[PDB]
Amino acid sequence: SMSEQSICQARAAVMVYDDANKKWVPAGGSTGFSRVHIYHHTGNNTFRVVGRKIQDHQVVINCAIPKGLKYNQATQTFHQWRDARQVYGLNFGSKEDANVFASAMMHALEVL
């Protein structure tokens, strides 16, 4: 707030890939849908993905969007990306939620 503005909201179950056990796991520990924002830090022209579980408001994801990021729209409702530290997945609750977020993500990547 003050420093950033949200540029989208989308309904998704946020998951992270467990490389060691070759499975997706729920981000933050609990399975459930979250409200996932992309937030724009207006001053630096930087963007960050932040999500909070609907039920308890726990932040399950808070990861910058780096320049050049490769965003994989594997399916119409499941998109994923990586960093040096994690692989992230968004299991969106509809195709509308996916295109809203995907659309927001692509704009940010074009603007970085």
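Numbering starts at 1 and runs along the sequence shown.
Which of the two stretches, 54-62 or 29-37, shows the higher mean Cα temperature factor in the record?
Result: 54-62.
Where does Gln80 sit by CA temperature factor within its chain: lowest, middle or highest third?
Ranked within chain, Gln80 CA B lands in the middle tercile.
Just say lowest, middle or highest third for the CA B-factor of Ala10 relative to the other modelled residues in its chain.
CA B-factor rank for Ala10: lowest third.
Compare the C-alpha B factor of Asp19 with those of the other modelled residues in its chain, then answer lowest, middle or highest third.
According to the entry, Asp19 has a C-alpha B-factor in the chain's highest third.
Sort the modelled residues of this chain by their C-alpha B factor and say whether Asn72 lands in the lowest, middle or highest third.
As the PDB entry reports it, the C-alpha B-factor of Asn72 lands in the lowest third of its chain.
Taking only the Cα B-factors deposited for this chain, tell me whether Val100 sits in the lowest, middle or highest third.
For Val100, whose C-alpha B-factor we compare with every modelled residue in the chain, the answer is the highest third.
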